[PDB]
Amino acid sequence: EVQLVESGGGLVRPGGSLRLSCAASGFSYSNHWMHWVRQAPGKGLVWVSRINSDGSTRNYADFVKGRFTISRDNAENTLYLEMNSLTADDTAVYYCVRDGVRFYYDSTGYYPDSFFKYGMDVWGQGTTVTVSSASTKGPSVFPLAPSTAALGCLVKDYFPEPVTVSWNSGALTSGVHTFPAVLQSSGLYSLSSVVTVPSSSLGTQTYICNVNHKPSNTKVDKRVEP
Amino acid sequence: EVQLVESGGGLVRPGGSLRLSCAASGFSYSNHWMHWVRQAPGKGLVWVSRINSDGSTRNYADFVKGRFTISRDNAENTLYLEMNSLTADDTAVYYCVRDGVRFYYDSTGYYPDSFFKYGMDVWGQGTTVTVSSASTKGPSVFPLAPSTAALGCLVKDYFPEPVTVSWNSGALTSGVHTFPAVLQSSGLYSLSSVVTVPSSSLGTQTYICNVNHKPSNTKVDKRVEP
Amino acid sequence: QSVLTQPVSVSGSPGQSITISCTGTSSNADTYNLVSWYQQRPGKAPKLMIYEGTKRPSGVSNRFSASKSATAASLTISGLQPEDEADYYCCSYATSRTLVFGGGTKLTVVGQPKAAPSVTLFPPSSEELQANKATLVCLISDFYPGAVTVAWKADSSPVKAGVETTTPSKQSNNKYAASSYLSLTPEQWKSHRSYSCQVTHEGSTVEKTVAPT
Amino acid sequence: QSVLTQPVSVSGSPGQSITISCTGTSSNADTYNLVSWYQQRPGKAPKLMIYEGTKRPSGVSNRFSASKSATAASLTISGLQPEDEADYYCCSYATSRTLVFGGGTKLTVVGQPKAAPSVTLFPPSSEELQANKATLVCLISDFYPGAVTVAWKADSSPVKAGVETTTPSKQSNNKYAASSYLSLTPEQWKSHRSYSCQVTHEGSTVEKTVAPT
Amino acid sequence: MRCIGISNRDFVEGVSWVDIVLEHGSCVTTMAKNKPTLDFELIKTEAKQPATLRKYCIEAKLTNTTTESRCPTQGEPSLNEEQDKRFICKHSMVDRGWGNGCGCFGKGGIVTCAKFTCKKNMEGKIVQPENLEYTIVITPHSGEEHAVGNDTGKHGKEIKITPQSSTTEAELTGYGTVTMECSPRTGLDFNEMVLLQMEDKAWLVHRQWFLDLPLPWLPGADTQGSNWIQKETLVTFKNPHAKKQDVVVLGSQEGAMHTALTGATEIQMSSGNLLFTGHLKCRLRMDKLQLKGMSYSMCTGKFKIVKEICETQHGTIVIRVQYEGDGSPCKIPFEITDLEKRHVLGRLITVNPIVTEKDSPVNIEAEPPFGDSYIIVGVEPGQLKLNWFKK
Amino acid sequence: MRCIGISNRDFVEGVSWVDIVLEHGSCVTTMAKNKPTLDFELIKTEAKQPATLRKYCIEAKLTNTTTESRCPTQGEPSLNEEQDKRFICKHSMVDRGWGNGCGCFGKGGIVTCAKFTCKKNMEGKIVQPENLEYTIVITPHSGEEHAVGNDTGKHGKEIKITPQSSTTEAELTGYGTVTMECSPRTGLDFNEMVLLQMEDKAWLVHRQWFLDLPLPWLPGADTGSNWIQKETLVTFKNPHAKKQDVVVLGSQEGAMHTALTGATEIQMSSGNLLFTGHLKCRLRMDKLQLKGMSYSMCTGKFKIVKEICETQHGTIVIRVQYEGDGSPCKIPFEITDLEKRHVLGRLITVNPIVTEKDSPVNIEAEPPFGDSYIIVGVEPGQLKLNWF
Ligand SMILES: *[C@@H]1O[C@H](CO[C@@H]2O[C@@H](C)[C@@H](O)[C@@H](O)[C@@H]2O)[C@@H](O[C@@H]2O[C@H](CO)[C@@H](O[C@@H]3O[C@H](CO[C@H]4O[C@H](CO)[C@@H](O)[C@H](O)[C@@H]4O)[C@@H](O)[C@H](O[C@H]4O[C@H](CO)[C@@H](O)[C@H](O)[C@@H]4O)[C@@H]3O)[C@H](O)[C@H]2NC(C)=O)[C@H](O)[C@H]1NC(C)=O
Ligand SMILES: *[C@@H]1O[C@H](CO[C@@H]2O[C@@H](C)[C@@H](O)[C@@H](O)[C@@H]2O)[C@@H](O[C@@H]2O[C@H](CO)[C@@H](O[C@@H]3O[C@H](CO[C@H]4O[C@H](CO)[C@@H](O)[C@H](O)[C@@H]4O)[C@@H](O)[C@H](O[C@H]4O[C@H](CO)[C@@H](O)[C@H](O)[C@@H]4O)[C@@H]3O)[C@H](O)[C@H]2NC(C)=O)[C@H](O)[C@H]1NC(C)=O
Ligand SMILES: *[C@@H]1O[C@H](CO)[C@@H](O)[C@H](O)[C@H]1NC(C)=O
C-alpha cells in the first residue's frame, strides 16, 4: 500500500557520525512533510526533526543543538538524517515518519504555518543506532547469595548481546527468571538470572548457574551458596 | 642552545584529521628549511615533508598523495603538519627536524635548487600519533602449555598500554621474561610472558600467571599446565 | 516551550472504558487542539490513533474516542480488549516549529488480579569487591500490572547517578519482573551506613535496605 | 625515483672497524655525494652523523668517518666501543625535490659471547580455538647479539600476512629476547599440515615446526 | 479549479475557439457556453538540447605549487609540470651568489608552476527555440471535493508542447478532448543569444560579447576538461626585485560578472529548467469538449453547507456543499438572484455543478454581483438561501 | 658585505658626510677615505599604529535559513532570529487559500531569515606617516668568512627609524658610531588616504571613495558579528507570491581588484609593507674608524679557500685563509699590472684584516679592465693570481 524503509543504523563510537536514510513508496513523497522520531530501548517516543517539501524549513528538537541535519531527495523518494557528535543519550531506534494529514490542508507541503494541523500517520519499522565503545568480551559472573529464598547470578560487562543462562546444566528450570540486559553508560551490557527455591533446600542442594556468551565463545559456571 | 618541541600527537580515528605543531626557539628560524620525518614503532625512519623559508616550496613523500599539508609561521617560530584521511599505515612518531647545513650555503633558506646539500642536524623528541579503533579493552589471556621447559601466557587484544604480568602472585621471578607488546592491524596490543623452569617440576609445581590491565580495571589469573 | 505529562500506568478490566490524560505545562488551548495520540504495542511501530485533538482516522476502531479542553487532552477507550494492552503516547507542539511527545502511559488490560511486587536487594559480592567494583542488584518480581517505579537512596539521600533499570518483562506465570542496578566503587559503597531500593507499584511503596556492615 | 637499501645487521667486536653500506637503485653519483648518515640509539632521537657524503659535523667523534663511490656510500667506525650499539640510517634525495631514508642497519657491539637463540613455538591454545581464533607464538630467547630475523611458513610456503614481531629486548641476564606472532583463523590453522617459525641469527637458521594434528 | 487562490489569474471567455496567454505564476480560467470551465497553468519550461558554447572560470584556485631554480651559467631550469596542461608555469631570473647558494654571482633562472583548479564556473548555452519544452497542467472545474487549488495535479492532465509541435489534443477524462495550437512570444529571440548560466541565476546575452569575455574558458567540445585556456587571465606572476617568484590568483569575478550583467535579460534558473519571463500564446478549440452529463436530472433533496463561503482575490466566491438527499448522480440547481428573487444576477464559474457521490461534497465557484445578493443552492424544501455582500 | 650578489646595488663615495637612497631590494655600499666600507639595506617597513576605519565583506555565506508563514488575517509571522543581529530577515506576502492550507483566500504574511557569515573581507587601515617604522641593516665590510651576503644580519647592526625620529646614531662593534639623518620620500602622502588591505595585496585609496563602497561593513570599533548593510550582498526574491528565497550576490573580490586599477598598489605581508617609496638618508662617518689600523702586516703565506668570482658589477670576491703566524694581523693586498709597475684596481673591503688563522677573510675589490694581477700577502708564498 504505503511503506517507509529506514537504513543506516548500527554501532557508532562516542563523538562519531552516522547517516540514516529512509526510502518512501506508495505516496506523493514530494508533497509531504517528513519527520524523524526516536525511541530509546524500552523507553518512550522522542520527536527529533521535521522537513517540509522544499527543504526551506527544517526544525529540530532542543537536544540536537545543531548536531543533526535533516535533508531529502524528492526525485529519489529519500529522507536523510546526518548525525555528528553522538553521545550515549542518543542510543535509540530511529523511525522515519510521514505527516499525511498536513497534506490534506496544504497539498504543496511547503508553508511552515505556526502550529499547523499535523498527524504522523505512516511510520517505518525503525533502524537501531547504538552509540557505544566495546566489541567482544566474555562476562564477569558474580553470585547473588541467598539471604522460600531467591538466589541468582549477576553477569556484568559483556558485549554484544545475547547471553544465555541455565541452572544446574538445565536440571533446574522451575522458578528461573533470566532478566533482560541493561546497557550501561560504559557501553557494556549486564543482566541477572534468579531462581526462587525452598529456603529449606539452601543447605543441601548445590546451585550452579551456567552462563554462555557465544559472541565471545565464553562459558562460566558459578556456584551460588549462602 | 637550540631545541624543537613537537605537539599535537595522540589518538585519531581512521579517516580522521590531526594537526601537528612544532615550536622552534634559539636560532634564526625564518632562514632555515624544516622537515617532518616519521618512524613507525620499532621500525625505521621515513622522510615525510619539507618547507622552505617562504613556504613557496613544500614537498611531500609519495605515500602522502595530498593528505598532509606542511606550513609555517615564522614570526611565531612554529611549524605545522595538517593531516587528513589517516590510516593505520600512518601510526608513528613524528619528528620536527631542521636542515642546519643548507643554512650554511643559502642563508635565506628560500631557493629550492635541485639536489642541494642538506643535513638534518636538529631533531625534536617526537610526538606520538596513534591511528586506531578501540577505546578501552581488557585482554583475553590464553595459556602456552609446556611441551628445562618454557611455559607462558599470551595476552591478546587489549588497549591501551600497559599490561603487567606476574607469576604465582610474584613468587616466581627467576627465569620470568615479560615481552614488549606488539600492535596488531586491529589496533589492539598483544604480549606474552614466559618462564623457564626445570622440566622435573612440570608435574608437581603449579604455575599461575597474574595479568593486570589497570586502564580497563581487569585482572585475570590463568593456570598453565602441560 | 511546553512539556506533556501522562500517567505512568492505567489498569482496566475487559469491557470497561478507560481514559488516559495528557497535561501540559506552559501550554494553552492550541496545544490540546492539536494533540495527537499514538498506540505502540510491544515490539511494534507506533500507530496514529487520534489527530487534531479529537478526530479519528479511518481504520482505527470506533472504540477509540478523544476529548480535549483548554487545560488537558484525553483519550477514551470504550470496551477495553486484551489487544488494547500497549503503551500510549500523546504529542503536540512544543513551540511554533517543534513537536514534543508525552512520557507515555502503559495501559494494562486486567486478565488476572493485581499483584504487588516482591523485592529482593543484593549487596555487592565479595568477588566483585575484589575486582574493585560494586553493584547493588534490586530484584522485583511477581507484580501486576507491569509498571513499577524505582528510587535508590544512599542513607536517606536519593541517588540517581549510576542507576540503570530494565523495562518490566513477563514471567513464566504471566506476571511481570524487573531489575534495577546501582553501580558503585567499593569506597562509595563503604562510605555510607546503608543503601535502599524503593519500588512503587499502584501507589504503594516497598523499600528494602542493606548495609555495608 | 631512487631507493636506498642497507644491510639488516652488522656485528663487530670492541676495538674493531666496521663498515655499513648504503646502496641505491635508480641512483647516480649525485645521490651518494649527498648521502647523510644518522645514528639512533634505542629509545632516543636520531643524531646527524655524516652529511654531504663524507663531512663530519663538530661534536661527532673522530672515530666516525665516511666514504662514497659511484655505486654506494659507506660509513666506517674505527675502534668499536659498547657505547655505539645503535641503528644507523642513510639518507639522500629520491627526486630533485624529495628525500628518502634507507631501511636501517642494526649494529651490534659484541660485549659478551655470541649466543645462538633458543626457539620455542607454541600452537594456538584450545581456549583460543574455542574463541574462533588462532595465534602461533614464536618465542626467541637467550641470544646475543640482539639481532634476529624471523620467517614464517605454512607447510613449505613462506607466509607474511598476519605476522607481527617485536624488537628484541634485553633480558635480566643482558642477552636478548624477541617474540613473533602468526595470526590465523581456526580454519586456516587446520587447513595446512604444519607451520614453521624460522629464526636467523649471525648467518645461521633455526626452524621449529608444529602441526595441527 | 487549480487557479483558485492565485492572484495572477485571468478569466477568458470565448465569444468556440479562444486565444489564451500562459506564463509562469499565471493561471488562465477559460469558459464557453455549454463547455466545461478549464484551468490552465504553465508548470515548467525546459531547454532540452542546449549546446554548451564555452565554459568560463569565474573563481579559480592555485594548488600544487612547485618551484625550481638554477645557479648562474647552469642553464634554464625545467619541471615536468611545464608539460602538464593543468599547470601554469613561468620562467624568470633571480639574483644569485655566495650568500644565496651559488659558487658564483649572477642571474640564476627560476621557474614556478602551479595547478589551476576552478572553484566556480559559468556556462554559456546555445538553445534552439524549437527545443523549449513547456509543461501545461489542465485542471477541469469538476467541483470535486479536493479539486480546489490542489497542486498535486492528480486532477489536471499534464501536457508537454514545443514551439514547433504547437498543436496537441489533450483528453480530459469525462469531458472529451481540447485542441491547443500554441506559439512562443519570448522577450528575446534565441538567435544570437546565449543563455549565460552561472549558478541558480541565468541571463540572455549577445554571442560576440560572451565570446569576448577575458576569463579562462573550456570549449564546448572539452566538457569535464582540464586544459583551461587563457589561464593567464586569472593568474599573475610577481618577481619585482628579482629575489623570489610568487604566483597570485586574481580573485572571484562572480560579482563583477553580475554587475556586468545588469543591462541583460535575466532568466530564473533551476538545474536545467527555466522559469521564463516570456509568454505562450495558445489557441484552444473546445468543439470536442463536452459538459459531462448534459442529460441529467436535478437533485431533489436538500444541501448542507460543509464549509464557510470564502471570497477570492478577484471577487468570485467558492461554496463547498454536501448533498444529503437521494438521486446521485444528479445535477445541482444553482442561482444567484436579487434580494427579491426576481432575476438571476451573478454568473457561474463552475458551470454545470453535478453531484457524483452523496458523501463527497462539491465545490462551486461563481461571480456574485456587486452589493447584496442571494445564493440559492438546491430546490424547495430546504433550498439554501445565503445572503452575500460585495463592496 | 650583505650587498654582494644583489643586482640593484649602488657604490656611493663621500669626500672626507654622504647622502644615500634606500628602498626595498636596493643596497648601498658606502666608502670613504680611512673609513670602513659599509653596506646598507632596507630590510623592512612597518606601519605600527594603524586605526582600522572599516572592514568590508567581499565574500559572504548564508546559512541556517528559517522561514515562517501565516494565513490571511492571522497577523504577521515572527521568528526569534529577527532579534539575532547575525541574521538577515525579510517579510513578504504570499497567495494563500484552500489549496494552500488556509481556510480563506488572501495574502498571508511570510518571513525568511538567514545567518550572514563573511568568508572573505577587506580592511581599511588609516596609517599616520610618522608611525611608519623602517628597519635598516648596516653590515660593515668586515671580511668574516661567512659575512658575505648573509641575510641573517647576525653581523649587521639593525636600526629602526621613523619619518620623525630621523636622526639615529648606530654603534658598530669595532668601528665606532655612524650618524644617520633620514627623510621619507614616499609616492603619496598618508593624509586623506586609506590603506585598503585585503589579502596579500594592498593599495592606497581616497577616503570618501572608501566610505562610499556599497558592501557590508563592520566599524573599527567592532572588529564582531553584527554586519551593517547586509542588504548590499543579500537579495530576497518572491516573484510569484508563492515562496520567498534568499540569495547571495557573489564574491566582489575581482570586482574590487578591477576598481583598484587606477590606485597606487602596495605589496603586503601580514601587517608589513614592501613600499615603493625611497628613504633619503644622510650619513656621517666622523666617528667611524677602521678597526685595527695600528696592526702590522702579515708575514706568513695565505691560502685560497674559494674560487674567485665576478659580481654583476665587475667587482671580485676572494676568500683566503692565513696559514702563517701573527694573527690578529693585516693582510697585504695589491692589484697591479702584469709587470708589477703600478697599482691599478681599487679596494672595496678596505683594510682587510685577519682575526683568527682558522677563519678565512673575504676581500672584495674592483679590478681594472683587462689583464690584472691579484697579489695577496708578501713573499715568500705571496699569492699571484691572474685576472681578465
Ligand atoms: C489534494 O488532493 C489529494 C488527492 O486528490 C485525490 O483526488 C480525488 C479525485 C480522489 O482520487 C481522492 O483519492 C483524492 O482526494 C487529497 O488527498 C487525499 O485526502 C484524503 C483525506 O481527505 C486522504 O485520506 C482519506 O481519508 C481518511 C481520513 O478519514 C478521516 O476523515 C474522513 C473525512 O476526510 C472521515 O470520513 C473519516 O471518518 C476519518 O475521520 C484517511 O485515513 C485515508 O487514508 C489512509 O487510509 C488507510 C488507513 O489505513 C490507508 O490504507 C491509506 O493508504 C491512507 O493511509 C483516506 O484515503 C486520501 O488518502 C488522499 N489521497 C491521496 C491520493 O493522497 C488532498 O487532501 C487534497 N488537498 C487539498 C488541499 O486539496
Ligand atoms: C651565515 O651566517 C651564519 C651565522 O653567522 C654567525 O654569526 C657570528 C656572530 C658568529 O656566531 C659566527 O659563528 C657566524 O659567522 C652562519 O652559520 C654558522 O655556520 C657554521 C658552519 O660554518 C655553523 O656550524 C659550526 O660548524 C660545525 C661544523 O663543523 C665542521 O666543519 C668545520 C668547518 O666549517 C670543521 O672545522 C669541523 O671539524 C667540522 O668538520 C657545526 O657542527 C657546529 O654547529 C653545531 O655544533 C654542535 C653540534 O652538536 C651544536 O652544539 C651547535 O648548536 C650546532 O648545532 C658549529 O656551530 C654555525 O653553527 C652557524 N652559526 C649559527 C649561529 O647558526 C652561516 O654559515 C652563514 N652562511 C652564509 C652563506 O653566509
Ligand atoms: C546552524 O547553526 C548551528 C550553530 O552554529 C551550526 O552548528 C549548524 O551547522 C548550522 N546549520 C548548518 C546547516 O550549517
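Residues numbered from 1 in each chain as written, not as in the entry; some residues may be left out. Chains lettered and ligands numbered in written order. Heavy atoms only, no water. Residues with missing side-chain atoms left out of burial classes, pairs and counts.

The PDB entry lists chain F under the name Envelope Glycoprotein E, with Dengue virus 2 as the source organism.

Labelled according to the PDB entry, chain A appears under the name BROADLY NEUTRALIZING HUMAN ANTIBODY EDE2 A11 - Heavy chain, originating from Homo sapiens.

Caption draft 1: Up close: the site of ligand 1. Taken together, 14 residues surround ligand 1, and among them C:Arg56, C:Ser58, E:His146, E:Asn150 and E:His155 come closest. Contact distances for ligand 1 include 3.4 Å between an oxygen atom and a side-chain N or O atom of A:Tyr104. Separating an oxygen atom of ligand 1 from a side-chain N or O atom of E:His146 is a distance of 2.7 Å. In isolation ligand 1 has 1200 Å² of accessible area, and contact with the protein removes 52% of it. Residues that form the shell around ligand 1 fall into these classes: six nonpolar, five polar and three charged. (Near = heavy atom within 4 Å. Polar contact = N/O pair within 3.5 Å; in protein donor to acceptor, adjacent residues only side chain to side chain. Areas by Shrake-Rupley, 256 points an atom, 1.4 Å probe, with all protein chains shown as cover. Nonpolar A, V, L, I, M, F, W, Y, C, P; charged D, E, K, R; others polar.)

Caption draft 2: Spotlight on the sheet that holds strand β23 (residues 334–337) of chain E. Residues and elements named next belong to chain E. Here three strands make up an open sheet; going across it, the order is β23-β27-β28 and the pairing antiparallel. Of all the strands in the sheet, the pair left with one neighbour each is β23 and β28 (384–388). On average, each strand axis in the sheet is tilted by 20° relative to the strand beside it, whichever way the strands run. Of the pairings in the sheet, the one linking β23 to strand β27 (residues 373–377) comprises four bridges and is antiparallel in character. (Pairing = 2+ DSSP bridges. Helix = DSSP H or I, 4+ residues; strand = E, 2+ residues; numbered from the N terminus. Axes fitted to C-alpha atoms, helices over the stretch in contact; angles between N-to-C directions.)

Caption draft 3: Spotlight on the state of the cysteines. All names here are of chain F. Tallied over the full model, the rule gives 22 disulfides over all chains. Two residues share a disulfide in this structure: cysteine 71 and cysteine 102, whose sulfurs sit 2.0 Å from each other. Disulfide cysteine 71-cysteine 102: torsion about the S-S bond near -95°, hence left-handed. Residue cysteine 71 is located in the loop between β5 (51–69) and β6 (87–96), and its partner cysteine 102 is located in the loop between β6 and β7 (106–126); the two are separated by 31 residues in the primary sequence. (Disulfide = S-S within 2.5 Å.)

Caption draft 4: Fine view of the domain arrangement of chain F. All names here are of chain F. On domain assignment, one finds that chain F holds domain 1 (1–48 + 128–187 + 264–290), domain 2 (49–60 + 119–127 + 188–227 + 249–263), domain 3 (61–118 + 228–248) and domain 4 (291–388). Between domain 1 and domain 2, the C-alpha centre-to-centre distance is 32 Å. Buried surface at the junction of domain 1 and domain 2, both sides included, amounts to about 1500 Å², of which 56% is carbon and sulfur. When the buried surface of domain 1 facing domain 2 is broken down by residue, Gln128, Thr264 and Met268 rank first, second and third, together holding 37% of it. There are zero salt bridges connecting domain 1 and domain 2. In this assembly, domain 1 and domain 2 are joined by five residue pairs in polar contact. Broken down by element, the residue count for the side of domain 1 that touches domain 2 peaks at five residues, all from strand β18 (residues 264–268). (Domains from an automatic or database assignment. Buried area = accessible area lost by both parts, 1.4 Å probe. Salt bridge = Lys/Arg side-chain N within 4 Å of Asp/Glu carboxyl O.)

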